[PDB]
Each structure stands twice: as structure tokens, then as C-alpha cells.
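What follows is a short report on a single structure.
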Amino acid sequence: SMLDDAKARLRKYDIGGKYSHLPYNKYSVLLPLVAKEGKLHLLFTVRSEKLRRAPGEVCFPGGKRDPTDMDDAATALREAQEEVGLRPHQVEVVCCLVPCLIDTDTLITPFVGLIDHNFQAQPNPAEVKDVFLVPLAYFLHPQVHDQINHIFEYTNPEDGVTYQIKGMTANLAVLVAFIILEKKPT
Ligand SMILES: O=C(Cc1cccc(O)c1)Nc1cccnc1
């Protein structure tokens, strides 16, 4: 099946807890996979204008680890719940992908999660301005604009709204697309 095939692919890239105890400032993100219309999608947030860091940017749900978190996956799930109402029974964490080093003192750990088909996002407007899906296959043939660094522009065909996706968020989306979609029979 599509979902069993995706999970099987993802597990081959799982680094697990290998880098998780290193003494960094620690953040986790959830890369949330949603199956709709017979295809996989990633769920993204647009950060609120209220926020201090990166107002109005597209990013995955996530945030800073706190003392309550049993592990880095827990960070991702707690933050996703706060941001978009995703409850833990609604997500299966499949793997931990390569962490992202930034600012010399920070390590961001990405987890891929399969999202239940009955989840409906409840954007928390103190943190999130918008929530939207992009088909995973888009990231194989993105619409690129150079700002010099590469920016993806995705237009939602449901409503014509264009979102800009860039940086770590864009990079991780392409990684997941490669992992899941490469070398597949039609
Ligand atoms: O803050 C995060 C996680 C994160 C950590 C590092 C980098 C990044 O792009 C994203 N996610 C969030 C926060 C508020 C609203 N929507 C998404």
C-alpha cells in the first residue's frame, strides 16, 4: 500500500536518537504527511505576524524542547498540538531525519509523522496565520524564483493563493519527496 510503502522508505533514513543527547539548544519539527485524493501531501504553517522570529514565514510545526518532553519526538508533537490542534493519537511518528545545525549552538531535529485522515487543523491564531497542504510530488518539479537564494512558489489550485517556501523548510520538503517518491513504478 501507499502508506506502508512510504513508511518502509522512511525507516531506511531514520537516524534515531544518535544525535539527541548532544548539548545544543534543541528544537524539533514535525514533517506531517497527509494522504488526500490518492496522493501524499505535506502540511505547512504560516507563522503569525505577532511572532518575534520570522513573522509570516512558511514553516513546519515545531519548536523548542522543554523539560516536560520525554524525547525530541515529544517536542515535535507537543508543539504541533499547540500550533494546529494535532493530538498524539492522530500522528504516527515514523522516523527521525538528519538534524539541521544552525547558529553554531542549535540543533533542529525533524520527525516525519503520518497524520490521521480525520484530523482537521485548528490553527491557533497566536502562533499560526494559516495552515495549508502541498502535494509531495510538487517538490520534484517546483516553481523556483531566485531572490541570491532559491525560493519555491506554490499556488493552491483550490483558491489561487500563492505561498513562498524557502530555507530549511524547503530543503526538508525536497528530502522527504526524494525519499518517498524516488524510483516508483507508474
Ligand atoms: O517554530 C516552529 C518550528 C521551527 C523551528 C526551527 C525552524 C523552523 O523553520 C521552524 N514552528 C512553528 C511555530 C509557530 C507557528 N508555526 C510553526
Side-chain angles (χ1 to χ4, degrees), residues 15 17 19-34 41-88 90-91 93-115 119-134 136 138-139 142 144-145 149-154 156 161-179:
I15 70 139
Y19 287 70
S20 66
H21 78 274
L22 292 165
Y24 281 102
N25 294 309
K26 290 171 64 51
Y27 293 72
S28 299
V29 296
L30 181 69
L31 283 26
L33 285 169
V34 172
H41 299 69
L42 281 164
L43 181 150
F44 296 84
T45 69
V46 178
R47 293 165 69 77
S48 156
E49 308 319 71
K50 305 239 79 73
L51 299 189
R52 171 108 150 180
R53 233 72 42 72
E57 270 188 35
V58 170
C59 72
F60 289 114
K64 193 169 171 50
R65 179 157 173 174
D66 85 10
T68 73
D69 296 324
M70 293 291 297
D71 59 21
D72 288 326
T75 306
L77 295 193
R78 177 174 56 70
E79 291 276 346
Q81 186 163 1
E82 183 63 32
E83 291 152 4
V84 307
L86 181 72
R87 291 159 71 190
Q90 302 186 115
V91 48
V93 177
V94 179
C95 67
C96 177
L97 293 178
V98 287
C100 306
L101 303 178
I102 60 161
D103 292 334
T104 75
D105 61 10
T106 299
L107 190 146
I108 303 165
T109 301
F111 292 86
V112 182
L114 295 195
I115 303 307
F119 169 71
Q120 289 180 140
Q122 299 184 254
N124 171 355
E127 291 171 350
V128 167
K129 174 157 64 160
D130 196 359
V131 176
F132 66 102
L133 301 181
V134 183
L136 191 61
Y138 166 84
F139 298 99
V144 180
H145 277 87
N149 88 131
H150 303 303
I151 289 172
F152 297 161
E153 297 196 341
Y154 173 72
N156 182 354
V161 174
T162 300
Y163 298 89
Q164 292 188 334
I165 312 182
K166 69 199 187 165
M168 182 192 75
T169 300
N171 283 260
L172 288 169
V174 170
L175 176 62
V176 175
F178 286 175
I179 287 166

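We use all heavy atoms of the structure for the numbers below, so side chains are in, but hydrogens, waters and symmetry mates are not. Counting convention: from 1, in listed order, for ligands and their atoms alike. For the single chain, residues carry numbers from 1 onward in sequence order.
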request  = Could you tell me the residue and atom name of the protein heavy atom closest to atom 15 (C) of ligand 1, and the distance to it rounded to 0.1 Å?
outcome  = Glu127 O, 3.2 Å

message = Please list the nearest protein heavy atom to atom 8 (C) of ligand 1 with its residue and the distance rounded to 0.1 Å.
response = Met168 CE, 3.6 Å

query = For atom 5 (C) of ligand 1, what is the nearest protein heavy atom, given as residue, atom name and distance?
reply = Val29 CG1, 3.9 Å

key: Numbered atoms and elements of ligand 1 in range of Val128, under 4.0 angstrom, heavy atoms   = 15 (C), 16 (N)

Distance in Å, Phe60 CZ paired with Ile165 CD1, rounded so as to fall on 0.5 Å steps = 7.5 Å

task = Identify, for atom 14 (C) of ligand 1, the protein heavy atom at the shortest distance, and state residue, atom and that distance.
result = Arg47 NH1, 3.5 Å

inquiry  = Would you say that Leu43 contacts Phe119 through its side chain, given a criterion of any heavy-atom pair below 4.5 Å between the two side chains?
reply    = yes

inquiry  = Please report whether the ring centroid of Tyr138 lies less than 6.0 Å from that of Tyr154.
reply    = yes

inquiry  = How far is atom 16 (N) of ligand 1 from the closest protein heavy atom, and which atom is that?
reply    = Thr45 OG1, 2.8 Å

task = For ligand 1, note which part of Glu79 has a heavy atom under 4.0 Å away: side chain, backbone, both or neither.
result = neither

Per-atom contacts, ligand 1 versus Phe60 - under 4.0 Å to a heavy atom = 2 (C), 3 (C), 11 (N), 12 (C), 17 (C)

note = Closest to atom 6 (C) of ligand 1 among protein heavy atoms sits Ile108 CD1, 3.8 Å

note = In terms of its nearest heavy atom to atom 9 (O) of ligand 1, the top option of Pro55, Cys59, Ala126, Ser28 is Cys59

task = Apply salt bridge (charged side-chain N to carboxylate O under 4.0 Å, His left out) to the pair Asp66 and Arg78, showing each step before the final yes or no.
result = CA-CA 10 Å; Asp66 85 10; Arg78 177 174 56 70; 3.6 Å; yes

remark   = Looking only at protein heavy atoms, what sits closest to atom 2 (C) of ligand 1 is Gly62 O, 2.9 Å

task = Search all heavy atoms of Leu30 against all heavy atoms of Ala80 and return the closest pair with its distance.
result = CD2-CB, 4.0 Å

query = Where do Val174 and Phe139 come nearest, in terms of heavy atoms and distance?
reply = CG2-O, 4.0 Å

task = Test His145 against every option in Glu153, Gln164, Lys166, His150 by the side chain to side chain donor-acceptor pair (under 3.5 Å) rule and name the one that passes.
result = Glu153

inquiry  = Between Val112 and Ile179, does the side-chain contact (heavy atoms from CB on, under 4.5 Å) criterion hold? Intermediate values first, please.
reply    = CA-CA 11 Å; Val112 182; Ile179 287 166; over 6 Å; no

